[PDB]
Amino acid sequence: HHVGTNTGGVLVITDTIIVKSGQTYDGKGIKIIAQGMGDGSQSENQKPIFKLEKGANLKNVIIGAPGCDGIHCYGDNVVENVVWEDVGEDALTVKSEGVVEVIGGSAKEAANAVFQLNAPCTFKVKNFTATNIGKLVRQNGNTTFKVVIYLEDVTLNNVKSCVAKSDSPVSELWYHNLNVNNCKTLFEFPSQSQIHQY
Ligand SMILES: O=C(O)[C@H]1O[C@H](O[C@@H]2[C@H](O)[C@@H](O)[C@@H](O[C@@H]3[C@H](O)[C@@H](O)[C@@H](O)O[C@@H]3C(=O)O)O[C@@H]2C(=O)O)[C@H](O)[C@@H](O)[C@H]1O
Ligand SMILES: [Ca+2]
Ligand SMILES: [Ca+2]
Ligand SMILES: [Ca+2]
Ligand SMILES: [Ca+2]
Ligand SMILES: [Cl-]
């Protein structure tokens with residue numbers, strides 16, 4: 001394990017970091033603390049720590065409290081080795097269509113959702129651990145567009161509500177090596193047949 005060269009530094013930001021199409025923000029292990037951008041509560045008016053334009057990537061950051069509105073993904077994004085020490089309103093939101101992959105990293109202390117899917121997308125969570133969360137994934141309530149969610153090598157502990165929840169009959173969730181401890185219910189979808197193993 002080559003810990004990153006920014007390990008032990010703390011970057012204090014006062015505005016959202018915008019990552020551009022085709023760019024990769026590599027924190028090299030930096031911890032980020034956002035100020036004036038939200039308190040990490042459930043209020044819906046906080047700023048994202050990062051905005052990933054379509055085709056932007058992010059890797060190797062620690063997001064400290066306050067988690068604000070987390071990471072906003074506009075599609076075709078890879079988010080690797082991101083650690084949310086204390087999820088804010090939500091950890092990451094898919095805002096526009098495309099494939100979004102969360103690979104590695106972890107999240108803790110999500111009062112409500114970790115991942116919030118507000119546009120049709122393919123959403124994959126791989127090699128990920130989350131602890132003390134309300135939900136891992138929420139498709140925006142009362143929407144009926146299609147998401148396809150993959151949970152692969154995912155370990156969850158203390159899930160207050162459910163692993164994932166969608167109000168869309170056409171959405172699907174697929175899982176493979178999913179470990180869940182202390183969870184109220186696994187899936188809240190219109191029908192359980194929308195959930196598959198692979
Ligand atoms: O992108 C966002 O942050 C998103 O947040 C709100 O919606 C989510 C969710 O999509 C809604 O279904 C709703 O969730 C329900 C409750 O209001 C919530 O407190 C918790 O109990 O879960 C419920 C559920 O899953 O059905 O509200 C969510 C939230 O409060 O984060 C916005 O309504 C939405 O417009 C958007 O900003
Ligand atoms: Ca919420
Ligand atoms: Ca919300
Ligand atoms: Ca949010
Ligand atoms: Ca929190
Ligand atoms: Cl919840």
Seminar exercise, completed: With criteria (1) of a type in the set (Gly, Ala, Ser); (2) within 16 Å of ligand 3 (Cβ to nearest atom); (3) on the phi > 0 side of the Ramachandran plot; (4) over 12 Å from the mean Cα position of the chain (by Cα), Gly70 comes up short on (4)
Problem set entry | Filter result (of a type in the set (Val, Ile, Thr), surrounded by 13 or more Cβ atoms within 10 Å (Cβ to Cβ) and in contact with a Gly (Cβ under 9 Å, 6 or more places away or on another chain)) within segment 14-44 | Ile30, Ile32, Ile33
For this session: Any residue in segment 149-168 that's more than 23 Å from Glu97 (Cα to Cα): show its pairings with residues that are among the polar types (S, T, N, Q) and in a loop (DSSP other than H, G, I, E, B) at Cβ separation under 8 Å, as long as the two are six or more apart or on different chains.
Result: none
Exercise. In segment 13-72, how many are assigned to a strand (DSSP E or B), of a type outside the set (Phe, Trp, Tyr) and within 23 Å of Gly98 (Cβ to Cβ)?
Worked result: 16
Problem set entry | Selection within segment 26-42 - within 16 Å of ligand 6 (Cβ to nearest atom) and within 16 Å of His72 (Cβ to Cβ) | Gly40
Problem set entry | The listed residue being of a type outside the set (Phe, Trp, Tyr), within 16 Å of ligand 3 (Cβ to nearest atom) and surrounded by fewer than 19 Cβ atoms within 10 Å (Cβ to Cβ), out of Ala111, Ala164, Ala91 | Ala111
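Positions of Cβ are generated from backbone atoms using ideal geometry, with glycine treated the same way; all protein chains shown enter the neighbour counts. We did not get these values from a lab; they are worked out from the coordinates using the rules stated.
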